[PDB]
>>> print(open('query_11.pdb').read())   # PDB, C-alpha atoms and all ligand atoms
ATOM      1  CA  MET A   1      33.327 -29.021   0.958  1.00  0.00           C
ATOM      2  CA  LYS A   2      35.797 -31.931   0.173  1.00  0.00           C
ATOM      3  CA  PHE A   3      38.528 -29.963  -1.548  1.00  0.00           C
ATOM      4  CA  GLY A   4      41.125 -32.666  -2.608  1.00  0.00           C
ATOM      5  CA  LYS A   5      38.662 -35.003  -4.300  1.00  0.00           C
ATOM      6  CA  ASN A   6      37.030 -32.086  -6.214  1.00  0.00           C
ATOM      7  CA  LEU A   7      40.392 -30.405  -7.234  1.00  0.00           C
ATOM      8  CA  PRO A   8      40.877 -32.212 -10.648  1.00  0.00           C
ATOM      9  CA  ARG A   9      37.254 -31.446 -11.448  1.00  0.00           C
ATOM     10  CA  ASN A  10      37.772 -27.663 -10.493  1.00  0.00           C
ATOM     11  CA  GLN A  11      41.128 -27.217 -12.355  1.00  0.00           C
ATOM     12  CA  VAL A  12      41.536 -25.325 -15.645  1.00  0.00           C
ATOM     13  CA  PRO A  13      43.326 -28.297 -17.241  1.00  0.00           C
ATOM     14  CA  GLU A  14      45.909 -26.294 -19.228  1.00  0.00           C
ATOM     15  CA  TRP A  15      47.136 -24.735 -15.945  1.00  0.00           C
ATOM     16  CA  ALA A  16      46.937 -27.886 -13.749  1.00  0.00           C
ATOM     17  CA  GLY A  17      50.516 -27.817 -12.467  1.00  0.00           C
ATOM     18  CA  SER A  18      50.160 -24.242 -11.372  1.00  0.00           C
ATOM     19  CA  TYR A  19      47.433 -24.899  -8.770  1.00  0.00           C
ATOM     20  CA  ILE A  20      48.260 -25.274  -5.171  1.00  0.00           C
ATOM     21  CA  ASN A  21      49.891 -28.619  -4.702  1.00  0.00           C
ATOM     22  CA  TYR A  22      47.191 -29.735  -2.262  1.00  0.00           C
ATOM     23  CA  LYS A  23      48.254 -33.370  -2.409  1.00  0.00           C
ATOM     24  CA  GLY A  24      51.911 -32.664  -1.483  1.00  0.00           C
ATOM     25  CA  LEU A  25      50.857 -30.237   1.226  1.00  0.00           C
ATOM     26  CA  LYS A  26      48.652 -32.858   2.800  1.00  0.00           C
ATOM     27  CA  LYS A  27      51.624 -35.263   3.212  1.00  0.00           C
ATOM     28  CA  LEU A  28      53.503 -32.548   5.088  1.00  0.00           C
ATOM     29  CA  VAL A  29      50.420 -32.152   7.317  1.00  0.00           C
ATOM     30  CA  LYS A  30      50.191 -35.844   7.863  1.00  0.00           C
ATOM     31  CA  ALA A  31      53.893 -35.994   8.903  1.00  0.00           C
ATOM     32  CA  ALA A  32      53.319 -33.333  11.496  1.00  0.00           C
ATOM     33  CA  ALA A  33      50.137 -35.059  12.681  1.00  0.00           C
ATOM     34  CA  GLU A  34      52.070 -38.318  13.109  1.00  0.00           C
ATOM     35  CA  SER A  35      54.740 -36.717  15.275  1.00  0.00           C
ATOM     36  CA  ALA A  36      52.099 -35.179  17.521  1.00  0.00           C
ATOM     37  CA  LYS A  37      50.390 -38.608  17.727  1.00  0.00           C
ATOM     38  CA  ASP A  38      53.663 -39.979  19.011  1.00  0.00           C
ATOM     39  CA  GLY A  39      53.806 -37.263  21.712  1.00  0.00           C
ATOM     40  CA  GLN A  40      56.714 -35.549  19.837  1.00  0.00           C
ATOM     41  CA  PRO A  41      57.244 -31.907  19.041  1.00  0.00           C
ATOM     42  CA  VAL A  42      56.398 -30.841  15.434  1.00  0.00           C
ATOM     43  CA  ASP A  43      58.451 -28.801  13.016  1.00  0.00           C
ATOM     44  CA  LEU A  44      56.031 -26.937  10.770  1.00  0.00           C
ATOM     45  CA  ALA A  45      58.686 -24.969   8.928  1.00  0.00           C
ATOM     46  CA  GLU A  46      58.872 -27.288   5.852  1.00  0.00           C
ATOM     47  CA  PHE A  47      55.005 -27.081   5.596  1.00  0.00           C
ATOM     48  CA  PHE A  48      55.079 -23.306   5.742  1.00  0.00           C
ATOM     49  CA  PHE A  49      58.032 -22.950   3.353  1.00  0.00           C
ATOM     50  CA  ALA A  50      56.171 -25.162   0.857  1.00  0.00           C
ATOM     51  CA  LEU A  51      52.954 -23.273   1.517  1.00  0.00           C
ATOM     52  CA  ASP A  52      54.695 -19.956   0.882  1.00  0.00           C
ATOM     53  CA  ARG A  53      56.223 -21.300  -2.367  1.00  0.00           C
ATOM     54  CA  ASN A  54      52.914 -22.455  -3.511  1.00  0.00           C
ATOM     55  CA  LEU A  55      51.483 -19.012  -2.667  1.00  0.00           C
ATOM     56  CA  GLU A  56      54.203 -17.212  -4.623  1.00  0.00           C
ATOM     57  CA  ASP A  57      53.666 -19.403  -7.593  1.00  0.00           C
ATOM     58  CA  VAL A  58      49.924 -19.118  -7.561  1.00  0.00           C
ATOM     59  CA  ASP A  59      50.152 -15.315  -7.331  1.00  0.00           C
ATOM     60  CA  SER A  60      52.894 -15.027  -9.957  1.00  0.00           C
ATOM     61  CA  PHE A  61      50.917 -17.162 -12.340  1.00  0.00           C
ATOM     62  CA  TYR A  62      47.588 -15.394 -11.793  1.00  0.00           C
ATOM     63  CA  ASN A  63      49.322 -11.970 -12.218  1.00  0.00           C
ATOM     64  CA  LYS A  64      50.947 -12.921 -15.501  1.00  0.00           C
ATOM     65  CA  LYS A  65      47.713 -14.177 -16.864  1.00  0.00           C
ATOM     66  CA  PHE A  66      45.908 -11.095 -15.683  1.00  0.00           C
ATOM     67  CA  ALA A  67      48.621  -8.900 -17.468  1.00  0.00           C
ATOM     68  CA  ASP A  68      47.990 -11.061 -20.596  1.00  0.00           C
ATOM     69  CA  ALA A  69      44.236 -10.585 -20.415  1.00  0.00           C
ATOM     70  CA  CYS A  70      44.706  -6.770 -20.099  1.00  0.00           C
ATOM     71  CA  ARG A  71      47.070  -6.702 -23.129  1.00  0.00           C
ATOM     72  CA  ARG A  72      44.535  -8.622 -25.046  1.00  0.00           C
ATOM     73  CA  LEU A  73      41.800  -6.129 -24.118  1.00  0.00           C
ATOM     74  CA  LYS A  74      44.087  -3.285 -25.237  1.00  0.00           C
ATOM     75  CA  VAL A  75      44.696  -4.999 -28.660  1.00  0.00           C
ATOM     76  CA  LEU A  76      40.956  -5.430 -29.078  1.00  0.00           C
ATOM     77  CA  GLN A  77      40.381  -1.733 -28.248  1.00  0.00           C
ATOM     78  CA  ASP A  78      43.126  -0.722 -30.733  1.00  0.00           C
ATOM     79  CA  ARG A  79      41.346  -2.680 -33.446  1.00  0.00           C
ATOM     80  CA  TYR A  80      37.681  -2.098 -32.674  1.00  0.00           C
ATOM     81  CA  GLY A  81      37.559   0.877 -30.273  1.00  0.00           C
ATOM     82  CA  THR A  82      36.777   1.598 -26.714  1.00  0.00           C
ATOM     83  CA  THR A  83      32.984   1.210 -26.491  1.00  0.00           C
ATOM     84  CA  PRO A  84      30.676  -1.493 -27.820  1.00  0.00           C
ATOM     85  CA  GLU A  85      28.407   0.878 -29.683  1.00  0.00           C
ATOM     86  CA  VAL A  86      31.132   1.023 -32.384  1.00  0.00           C
ATOM     87  CA  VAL A  87      29.701  -2.325 -33.581  1.00  0.00           C
ATOM     88  CA  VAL A  88      27.288  -0.327 -35.744  1.00  0.00           C
ATOM     89  CA  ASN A  89      30.258   0.769 -37.952  1.00  0.00           C
ATOM     90  CA  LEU A  90      31.519  -2.799 -38.392  1.00  0.00           C
ATOM     91  CA  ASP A  91      30.744  -4.983 -41.372  1.00  0.00           C
ATOM     92  CA  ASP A  92      29.644  -8.637 -40.922  1.00  0.00           C
ATOM     93  CA  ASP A  93      33.137 -10.109 -41.034  1.00  0.00           C
ATOM     94  CA  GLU A  94      34.585  -7.584 -38.665  1.00  0.00           C
ATOM     95  CA  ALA A  95      31.623  -8.079 -36.279  1.00  0.00           C
ATOM     96  CA  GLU A  96      31.945 -11.912 -36.280  1.00  0.00           C
ATOM     97  CA  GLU A  97      35.726 -11.626 -35.740  1.00  0.00           C
ATOM     98  CA  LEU A  98      35.035  -9.270 -32.841  1.00  0.00           C
ATOM     99  CA  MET A  99      32.507 -11.642 -31.301  1.00  0.00           C
ATOM    100  CA  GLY A 100      35.095 -14.510 -31.566  1.00  0.00           C
ATOM    101  CA  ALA A 101      37.767 -12.417 -29.849  1.00  0.00           C
ATOM    102  CA  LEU A 102      35.260 -11.368 -27.136  1.00  0.00           C
ATOM    103  CA  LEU A 103      34.097 -14.908 -26.391  1.00  0.00           C
ATOM    104  CA  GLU A 104      37.721 -16.118 -26.164  1.00  0.00           C
ATOM    105  CA  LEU A 105      38.660 -13.241 -23.817  1.00  0.00           C
ATOM    106  CA  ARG A 106      35.616 -13.856 -21.670  1.00  0.00           C
ATOM    107  CA  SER A 107      36.619 -17.586 -21.501  1.00  0.00           C
ATOM    108  CA  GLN A 108      40.170 -16.582 -20.450  1.00  0.00           C
ATOM    109  CA  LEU A 109      38.882 -14.202 -17.776  1.00  0.00           C
ATOM    110  CA  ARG A 110      36.375 -16.706 -16.430  1.00  0.00           C
ATOM    111  CA  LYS A 111      39.184 -19.249 -16.204  1.00  0.00           C
ATOM    112  CA  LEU A 112      41.436 -16.746 -14.439  1.00  0.00           C
ATOM    113  CA  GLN A 113      38.718 -15.964 -11.873  1.00  0.00           C
ATOM    114  CA  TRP A 114      38.014 -19.572 -11.182  1.00  0.00           C
ATOM    115  CA  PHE A 115      41.733 -20.216 -10.771  1.00  0.00           C
ATOM    116  CA  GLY A 116      41.811 -17.476  -8.196  1.00  0.00           C
ATOM    117  CA  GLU A 117      38.779 -18.752  -6.284  1.00  0.00           C
ATOM    118  CA  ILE A 118      39.816 -22.397  -6.242  1.00  0.00           C
ATOM    119  CA  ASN A 119      43.393 -21.603  -5.140  1.00  0.00           C
ATOM    120  CA  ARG A 120      42.113 -19.375  -2.352  1.00  0.00           C
ATOM    121  CA  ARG A 121      39.798 -22.188  -1.200  1.00  0.00           C
ATOM    122  CA  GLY A 122      42.763 -24.482  -1.277  1.00  0.00           C
ATOM    123  CA  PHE A 123      44.863 -22.293   0.990  1.00  0.00           C
ATOM    124  CA  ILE A 124      42.002 -21.905   3.393  1.00  0.00           C
ATOM    125  CA  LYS A 125      41.320 -25.682   3.471  1.00  0.00           C
ATOM    126  CA  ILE A 126      44.948 -26.797   3.918  1.00  0.00           C
ATOM    127  CA  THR A 127      45.557 -24.493   6.852  1.00  0.00           C
ATOM    128  CA  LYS A 128      42.321 -25.445   8.406  1.00  0.00           C
ATOM    129  CA  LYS A 129      43.405 -29.021   8.019  1.00  0.00           C
ATOM    130  CA  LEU A 130      46.802 -28.362   9.759  1.00  0.00           C
ATOM    131  CA  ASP A 131      44.962 -26.607  12.638  1.00  0.00           C
ATOM    132  CA  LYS A 132      42.609 -29.539  13.064  1.00  0.00           C
ATOM    133  CA  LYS A 133      45.397 -32.237  12.946  1.00  0.00           C
ATOM    134  CA  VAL A 134      48.144 -30.646  15.039  1.00  0.00           C
ATOM    135  CA  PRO A 135      47.771 -29.572  18.686  1.00  0.00           C
ATOM    136  CA  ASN A 136      47.804 -25.869  19.715  1.00  0.00           C
ATOM    137  CA  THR A 137      48.118 -24.938  16.089  1.00  0.00           C
ATOM    138  CA  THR A 138      46.091 -21.986  15.108  1.00  0.00           C
ATOM    139  CA  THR A 139      47.178 -20.620  11.737  1.00  0.00           C
ATOM    140  CA  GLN A 140      44.351 -20.594   9.342  1.00  0.00           C
ATOM    141  CA  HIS A 141      42.843 -17.253  10.005  1.00  0.00           C
ATOM    142  CA  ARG A 142      46.224 -15.423  10.469  1.00  0.00           C
ATOM    143  CA  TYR A 143      47.833 -16.961   7.350  1.00  0.00           C
ATOM    144  CA  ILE A 144      44.859 -16.294   5.167  1.00  0.00           C
ATOM    145  CA  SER A 145      44.302 -12.779   6.371  1.00  0.00           C
ATOM    146  CA  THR A 146      48.032 -11.677   6.336  1.00  0.00           C
ATOM    147  CA  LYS A 147      49.337 -13.559   3.265  1.00  0.00           C
ATOM    148  CA  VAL A 148      46.612 -14.739   1.013  1.00  0.00           C
ATOM    149  CA  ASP A 149      43.811 -12.021   1.204  1.00  0.00           C
ATOM    150  CA  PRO A 150      46.256  -9.228  -0.041  1.00  0.00           C
ATOM    151  CA  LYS A 151      47.065 -11.083  -3.259  1.00  0.00           C
ATOM    152  CA  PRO A 152      45.216 -10.227  -6.507  1.00  0.00           C
ATOM    153  CA  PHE A 153      44.148 -13.919  -7.067  1.00  0.00           C
ATOM    154  CA  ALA A 154      42.251 -13.807  -3.787  1.00  0.00           C
ATOM    155  CA  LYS A 155      40.978 -10.216  -3.665  1.00  0.00           C
ATOM    156  CA  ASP A 156      40.528  -9.468  -7.302  1.00  0.00           C
ATOM    157  CA  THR A 157      37.337  -7.776  -8.240  1.00  0.00           C
ATOM    158  CA  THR A 158      38.795  -6.264 -11.518  1.00  0.00           C
ATOM    159  CA  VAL A 159      38.308  -9.454 -13.480  1.00  0.00           C
ATOM    160  CA  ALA A 160      34.605  -9.392 -12.561  1.00  0.00           C
ATOM    161  CA  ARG A 161      34.519  -5.709 -13.542  1.00  0.00           C
ATOM    162  CA  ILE A 162      36.100  -6.525 -16.905  1.00  0.00           C
ATOM    163  CA  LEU A 163      33.811  -9.541 -17.325  1.00  0.00           C
ATOM    164  CA  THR A 164      30.707  -7.332 -16.905  1.00  0.00           C
ATOM    165  CA  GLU A 165      32.107  -5.057 -19.628  1.00  0.00           C
ATOM    166  CA  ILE A 166      32.957  -7.906 -21.979  1.00  0.00           C
ATOM    167  CA  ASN A 167      29.435  -9.308 -21.389  1.00  0.00           C
ATOM    168  CA  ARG A 168      27.905  -5.836 -21.970  1.00  0.00           C
ATOM    169  CA  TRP A 169      29.801  -5.717 -25.264  1.00  0.00           C
ATOM    170  CA  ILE A 170      28.626  -9.237 -26.176  1.00  0.00           C
ATOM    171  CA  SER A 171      24.980  -8.238 -25.521  1.00  0.00           C
ATOM    172  CA  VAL A 172      25.340  -4.854 -27.323  1.00  0.00           C
ATOM    173  CA  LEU A 173      26.837  -6.753 -30.268  1.00  0.00           C
ATOM    174  CA  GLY A 174      24.009  -9.370 -30.286  1.00  0.00           C
ATOM    175  CA  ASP A 175      21.664  -6.251 -30.292  1.00  0.00           C
TER     176      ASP A 175
HETATM  177  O1  LIG B 201      39.211 -35.537  -0.633  1.00  0.00           O
HETATM  178  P1  LIG B 201      40.034 -36.731  -0.147  1.00  0.00           P
HETATM  179  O2  LIG B 201      41.364 -36.885  -0.849  1.00  0.00           O
HETATM  180  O3  LIG B 201      39.279 -38.037   0.026  1.00  0.00           O
HETATM  181  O4  LIG B 201      40.508 -36.369   1.334  1.00  0.00           O
HETATM  182  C1  LIG B 201      39.776 -36.462   2.554  1.00  0.00           C
HETATM  183  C2  LIG B 201      39.257 -35.093   2.965  1.00  0.00           C
HETATM  184  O5  LIG B 201      40.289 -34.158   2.779  1.00  0.00           O
HETATM  185  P2  LIG B 201      40.282 -32.857   1.801  1.00  0.00           P
HETATM  186  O6  LIG B 201      38.902 -32.222   1.852  1.00  0.00           O
HETATM  187  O7  LIG B 201      41.311 -31.984   2.481  1.00  0.00           O
HETATM  188  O8  LIG B 201      40.695 -33.341   0.443  1.00  0.00           O
HETATM  189  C3  LIG B 201      38.821 -35.033   4.415  1.00  0.00           C
HETATM  190  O9  LIG B 201      38.848 -33.678   4.825  1.00  0.00           O
HETATM  191  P3  LIG B 201      37.633 -32.881   5.535  1.00  0.00           P
HETATM  192  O10 LIG B 201      37.181 -32.064   4.327  1.00  0.00           O
HETATM  193  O11 LIG B 201      36.754 -33.959   6.110  1.00  0.00           O
HETATM  194  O12 LIG B 201      38.264 -32.089   6.665  1.00  0.00           O
HETATM  195  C4  LIG B 201      39.700 -35.702   5.449  1.00  0.00           C
HETATM  196  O13 LIG B 201      38.861 -36.333   6.403  1.00  0.00           O
HETATM  197  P4  LIG B 201      39.268 -36.483   7.969  1.00  0.00           P
HETATM  198  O14 LIG B 201      39.772 -35.076   8.312  1.00  0.00           O
HETATM  199  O15 LIG B 201      37.965 -36.903   8.592  1.00  0.00           O
HETATM  200  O16 LIG B 201      40.301 -37.592   8.040  1.00  0.00           O
HETATM  201  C5  LIG B 201      40.719 -36.703   4.933  1.00  0.00           C
HETATM  202  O17 LIG B 201      41.914 -35.976   5.061  1.00  0.00           O
HETATM  203  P5  LIG B 201      43.099 -36.424   6.003  1.00  0.00           P
HETATM  204  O18 LIG B 201      43.473 -37.809   5.551  1.00  0.00           O
HETATM  205  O19 LIG B 201      44.062 -35.280   5.657  1.00  0.00           O
HETATM  206  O20 LIG B 201      42.353 -36.426   7.322  1.00  0.00           O
HETATM  207  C6  LIG B 201      40.852 -37.020   3.459  1.00  0.00           C
HETATM  208  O21 LIG B 201      40.976 -38.434   3.331  1.00  0.00           O
HETATM  209  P6  LIG B 201      42.352 -39.229   3.037  1.00  0.00           P
HETATM  210  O22 LIG B 201      43.486 -38.217   3.026  1.00  0.00           O
HETATM  211  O23 LIG B 201      42.302 -40.139   4.244  1.00  0.00           O
HETATM  212  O24 LIG B 201      42.120 -39.848   1.666  1.00  0.00           O
END
>>> encode(input="query_11.pdb", output="structure tokens")
Amino acid sequence: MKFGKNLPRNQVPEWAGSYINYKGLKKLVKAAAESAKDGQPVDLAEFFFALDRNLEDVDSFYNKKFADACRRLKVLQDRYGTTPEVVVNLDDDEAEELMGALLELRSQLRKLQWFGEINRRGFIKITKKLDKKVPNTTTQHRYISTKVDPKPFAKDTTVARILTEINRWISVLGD
């Protein structure tokens, strides 16, 4: 899959500047590729520094949003309770307000997941690109496995877990 051309299309627009800066990372790759083309040694340290910064930022952003989503879920539990079957004790206003809150939280979680998946693709694609464009460079699988795969944005399965619950609530509430 063409990652760079599809990036705008796959970005949660409100968070655009917090995605992996694929465009800037590609210019660092191209610089290295040019040196190798000229028969010169490369210096991949500025690519990796920038890659690491991007990784820190992506993680830090995803984690903050995830902490937000959890706080939100707690506030909804405080108001409406811990299981969806409580909907039977709600009046029509309360039940509509609940539904609104649930749809918004689901939207936020879906967006968070997609942010995670697209950023992880981006790290995988940019390193693959470096490996393809620079001689005896073999970084993709090591970098992804050792630095990206341990981060919540990449490994998270809790958002999906919470999404199934929010959806179960939404269905229980519908009836
Ligand atoms: O999506 P675009 O901005 O048009 O970029 C493409 C695309 O790169 P991305 O998928 O990384 O965005 C191609 O990458 P592949 O998916 O084919 O590996 C790659 O094609 P070549 O590797 O055949 O050249 C080429 O990237 P680059 O220029 O880094 O090679 C690049 O096109 P331009 O950068 O030339 O626009």
>>> residues_near_ligand(input="query_11.pdb", ligand="ligand LIG 201 (chain B)", cutoff="12 Å", atoms="only C-alpha atoms and all ligand atoms", output="JSON, numbers by chain")
{"A": [1, 2, 3, 4, 5, 6, 7, 8, 9, 21, 22, 23, 24, 25, 26, 27, 28, 29, 30, 31, 32, 33, 34, 121, 122, 123, 124, 125, 126, 127, 128, 129, 130, 131, 132, 133, 134]}
>>> atom_distance(input="query_11.pdb", atom1="atom CA of residue A:114", atom2="atom CA of residue A:80")
27.7 Å
>>> atom_distance(input="query_11.pdb", atom1="atom CA of residue A:55", atom2="atom CA of residue A:14")
18.9 Å
>>> resolve_selection(input="query_11.pdb", expression="the PyMOL selection byres (((chain A and resi 174) around 12) and not hetatm)", output="JSON, numbers by chain")
{"A": [84, 85, 87, 88, 95, 96, 98, 99, 102, 167, 168, 169, 170, 171, 172, 173, 175]}
>>> resolve_selection(input="query_11.pdb", expression="the PyMOL selection byres (((chain A and resi 157-164) around 7) and not hetatm)", output="VMD selection string")
chain A and resid 106 109 113 155 to 156 165 to 168
>>> residues_around(input="query_11.pdb", residues="residue A:52", least_positions_apart="4", cutoff="10 Å", atoms="all atoms listed in the file", output="VMD selection string")
chain A and resid 46 to 48 56 to 58 143 147 to 148
>>> resolve_selection(input="query_11.pdb", expression="the PyMOL selection byres (((chain A and resi 69) around 12) and not hetatm)", output="number ranges by chain")
A: 62-68, 70-76, 101-102, 104-113, 158-159, 162-163, 166
>>> write_last_selection(input="query_11.pdb", atoms="C-alpha atoms", output="PDB file, keeping the file's coordinate frame")
ATOM      1  CA  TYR A  62      47.588 -15.394 -11.793  1.00  0.00           C
ATOM      2  CA  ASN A  63      49.322 -11.970 -12.218  1.00  0.00           C
ATOM      3  CA  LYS A  64      50.947 -12.921 -15.501  1.00  0.00           C
ATOM      4  CA  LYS A  65      47.713 -14.177 -16.864  1.00  0.00           C
ATOM      5  CA  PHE A  66      45.908 -11.095 -15.683  1.00  0.00           C
ATOM      6  CA  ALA A  67      48.621  -8.900 -17.468  1.00  0.00           C
ATOM      7  CA  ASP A  68      47.990 -11.061 -20.596  1.00  0.00           C
ATOM      8  CA  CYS A  70      44.706  -6.770 -20.099  1.00  0.00           C
ATOM      9  CA  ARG A  71      47.070  -6.702 -23.129  1.00  0.00           C
ATOM     10  CA  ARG A  72      44.535  -8.622 -25.046  1.00  0.00           C
ATOM     11  CA  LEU A  73      41.800  -6.129 -24.118  1.00  0.00           C
ATOM     12  CA  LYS A  74      44.087  -3.285 -25.237  1.00  0.00           C
ATOM     13  CA  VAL A  75      44.696  -4.999 -28.660  1.00  0.00           C
ATOM     14  CA  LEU A  76      40.956  -5.430 -29.078  1.00  0.00           C
ATOM     15  CA  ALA A 101      37.767 -12.417 -29.849  1.00  0.00           C
ATOM     16  CA  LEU A 102      35.260 -11.368 -27.136  1.00  0.00           C
ATOM     17  CA  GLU A 104      37.721 -16.118 -26.164  1.00  0.00           C
ATOM     18  CA  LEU A 105      38.660 -13.241 -23.817  1.00  0.00           C
ATOM     19  CA  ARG A 106      35.616 -13.856 -21.670  1.00  0.00           C
ATOM     20  CA  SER A 107      36.619 -17.586 -21.501  1.00  0.00           C
ATOM     21  CA  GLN A 108      40.170 -16.582 -20.450  1.00  0.00           C
ATOM     22  CA  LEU A 109      38.882 -14.202 -17.776  1.00  0.00           C
ATOM     23  CA  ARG A 110      36.375 -16.706 -16.430  1.00  0.00           C
ATOM     24  CA  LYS A 111      39.184 -19.249 -16.204  1.00  0.00           C
ATOM     25  CA  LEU A 112      41.436 -16.746 -14.439  1.00  0.00           C
ATOM     26  CA  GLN A 113      38.718 -15.964 -11.873  1.00  0.00           C
ATOM     27  CA  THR A 158      38.795  -6.264 -11.518  1.00  0.00           C
ATOM     28  CA  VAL A 159      38.308  -9.454 -13.480  1.00  0.00           C
ATOM     29  CA  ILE A 162      36.100  -6.525 -16.905  1.00  0.00           C
ATOM     30  CA  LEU A 163      33.811  -9.541 -17.325  1.00  0.00           C
ATOM     31  CA  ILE A 166      32.957  -7.906 -21.979  1.00  0.00           C
TER      32      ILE A 166
END
>>> atom_distance(input="query_11.pdb", atom1="atom CA of residue A:16", atom2="atom CA of residue A:51")
17.0 Å
>>> closest_residue(input="query_11.pdb", among="A:82, A:11, A:18, A:145", to="residue A:59", atoms="all atoms listed in the file")
A:18
>>> closest_residue(input="query_11.pdb", among="A:38, A:94, A:117, A:43", to="residue A:153", atoms="only C-alpha atoms")
A:117
